[PDB]
Amino acid sequence: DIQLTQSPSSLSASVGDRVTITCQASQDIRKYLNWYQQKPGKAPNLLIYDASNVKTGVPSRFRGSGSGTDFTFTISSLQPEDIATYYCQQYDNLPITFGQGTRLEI
Amino acid sequence: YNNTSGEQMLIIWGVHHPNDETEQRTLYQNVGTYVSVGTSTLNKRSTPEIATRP
Amino acid sequence: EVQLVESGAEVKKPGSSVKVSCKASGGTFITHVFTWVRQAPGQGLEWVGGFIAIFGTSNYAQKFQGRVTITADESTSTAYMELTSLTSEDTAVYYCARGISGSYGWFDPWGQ
Amino acid sequence: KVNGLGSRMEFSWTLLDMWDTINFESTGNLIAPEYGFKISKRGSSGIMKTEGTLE
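The numbering scheme restarts from 1 for each chain and tracks the written sequence of that chain rather than necessarily the entry's numbering. Residues without coordinates are not displayed. Chains carry letters from A onward and ligands carry numbers from 1 onward, assigned in written order. Shown here is a subset of chains from a larger assembly, with all values computed for this subset only. By convention in this description, side-chain values take in all heavy atoms of the structure and omit both hydrogens and water.

- In the PDB header, X-ray crystallography is given as the technique by which the entry was determined, and 3.200 Å as its resolution.

- The PDB entry lists chain C under the name Fab 2G1 heavy chain, from Homo sapiens.
- This structure appears in the PDB under the title "Crystal structure of Fab 2G1 in complex with a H2N2 influenza virus hemagglutinin".

- If you check the PDB entry, chain A appears there as Fab 2G1 light chain from Homo sapiens.

Structure follows, in structure tokens:
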């Protein structure tokens, strides 16, 4: 089980910015990574899969990028329904690890 | 694999023949696949056969 | 489009047992990778389970094996986890979900 | 051209065991059987390559 690290656990939602979450694994996983959205404290939801491609129930407002140990979930110009905690998760390896959360406000 | 072993070695392999296209796709993604094995003496390339069997 | 009906809400008292259900439709019984992720009061996210219907094989995390058994039935298109020895590192909300491809891909719907 | 024809029919064959099931599926060029032959009597026989007739 190969230990992610969503840095940092909370940025501060200054609207419109280059708001960029990071996800750094314990070892090389190449391109087998997913980004999940948790709007308010309930059922999560999937946005980006397989590092740099999009769910087609699609925001143009979002982005995924990465490969090595290091990954990035980008929102450019902020919008007022995207209030959530955020997750990176994995396979390649076998027992399915996550990140902890990255959460910002109004 | 180079046979660095210190004698001739028997090597077996196989090809999966699926029941339907749904199996084919949910196993290997794409269709019209191929399995190719070769040595110095050997050259084979099988194209798998989807079909409904007893 | 493909959905996912789970079970109840009832937490229980330590030493007991659970058998969360999760049946799906919107497609055929093969494919279907049934994954299950649990969410403690406030904390992170935690993969517990899985079942890969093509194989009939089933995968767990190892803070379990011993305890958890996951199954299914094609006829009822219904999954079935079973968490025994039910303490307090066992108390959460338990999401069923659908994923893809043997190595548990992305989980595309989720349970309520 | 054999018999006018520059085309050919390639025929193959099998024994189908008792309670076994034969399936043909094609999208072109099948020459299907209508009949099977059941082996009614088994025994030591032969085929003589003669060019004459029986008395």
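**Remarks on the sheet that holds strand β4 (residues 45-49) of chain A**
Residues and elements named next belong to chain A.
Thinking step 1. Taking strand neighbours across the sheet as the criterion, the three strands line up as β4-β3-β7 in an open arrangement whose pairing is antiparallel. Across the chains shown, the open sheet's two edge strands, defined by having one partner strand only, are β4 and β7 (85-90). When the angles between neighbouring strand axes are averaged without regard to direction, this sheet yields 30 degrees.
Thinking step 2. Two strands qualify as a pair provided that DSSP identifies no fewer than 2 bridges between them. Strands are runs of DSSP state E lasting at least two residues, helices are runs of H or I lasting at least four, and both sets are numbered from the N terminus onward. Pairing geometry for strand β3 (residues 33-38) and β4, over four bridges, is antiparallel. Opposite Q37, over in β4, you have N45 as the bridge partner. To get an axis, a line is fitted to the C-alpha atoms, and for a helix only the part in contact is used. The angle between two axes follows their N-to-C directions and goes from 0 to 180 degrees.

**Brief notes about the pattern of salt bridges**
Thinking step 1. Here a salt bridge means any side-chain nitrogen of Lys or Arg lying within 4 Å of a carboxyl oxygen belonging to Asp or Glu. A full pass over the atoms with the stated rule returns seven salt bridges over all chains.
Thinking step 2. Across the pair B:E21 and B:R25 runs a salt bridge, and its minimum N-O distance is 2.7 Å. Of the two residues, B:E21 and B:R25 both sit in helix α1 (residues 21-28), four residues apart, roughly one turn of that helix.
Thinking step 3. Among the ionic pairs, C:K12 bridges to C:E10, the shortest N-O distance being 2.9 Å.
Thinking step 4. Overlapping salt bridges, with partners in common, bring together C:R38, C:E46 and C:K63 in one network.

**Section: the layout of surface pockets**
All names here are of chain D.
Thinking step 1. Computed from the structure, the largest pocket encloses a volume of approximately 940 Å³.
Thinking step 2. Along its surface, the largest pocket is lined by 24 residues, and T14, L15, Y35, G36 and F37 are the ones closest to its centre.
Thinking step 3. Here the nonpolar group is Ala, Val, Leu, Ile, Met, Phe, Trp, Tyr, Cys and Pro; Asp, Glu, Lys and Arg are the charged ones; every other residue, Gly included, is treated as polar. Considering only residue class, the lining of the largest pocket consists of 15 nonpolar, four polar and five charged. Here a cavity denotes grid points, spaced 1 Å and computed from the protein atoms alone, that fit a 1.4 Å probe unable to get out, and a pocket denotes an open set having protein on both sides within 12 Å along at least 5 of 7 lines; residues with an atom within 4 Å of a point are the lining. Grid points are joined across faces, edges and corners, and a volume is the space filled by probe spheres set on the points.

**Let's talk about the state of the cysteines**
Thinking step 1. Disulfides are defined as pairs of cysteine sulfur atoms found within 2.5 Å of each other. According to the stated counting rule, one finds two disulfides over all chains in the structure shown.
Thinking step 2. With its sulfur 2.0 Å from that of its partner, A:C23 forms a disulfide with A:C88. Handedness here is read from the sign of the S-S torsion; for A:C23 and A:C88, about 75 degrees, the answer is right-handed. With A:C23 in strand β2 (residues 19-24) and A:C88 in strand β7, this residue pair connects regions lying 65 residues apart in the sequence. When sorted by exposure, A:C23 lands in the same class as A:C88, which is buried.
Thinking step 3. Note on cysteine connectivity: C:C22 is disulfide-linked to C:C96, with sulfurs 2.0 Å apart. In this structure the cystine formed by C:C22 and C:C96 twists about its S-S bond by roughly -60 degrees; its chirality is therefore left-handed. Highlighted residues: C:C22 in strand β2 (residues 21-25) and C:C96 in strand β8 (residues 93-99), separated in sequence by 74 residues. Of the two residues examined, C:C22 and C:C96, each falls in the buried class. Buried residues are those whose accessible area, probed at 1.4 Å on protein chains only, stays under 20% of the maximum for their type, while exposed residues exceed 50% and partly exposed ones sit between those limits.

**A word on empty space enclosed by the protein**
Residues and elements named next belong to chain A.
Thinking step 1. One pass over the structure, following the stated rule, counts one cavity of 30 Å³ or more.
Thinking step 2. Looking at the largest cavity, its volume works out to about 170 Å³.
Thinking step 3. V19, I21, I75, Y86 and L104 are the residues nearest the centre of the largest cavity, which is lined by 16 residues in total.
Thinking step 4. For the lining of the largest cavity, the leading source of residues is β2, giving three residues.

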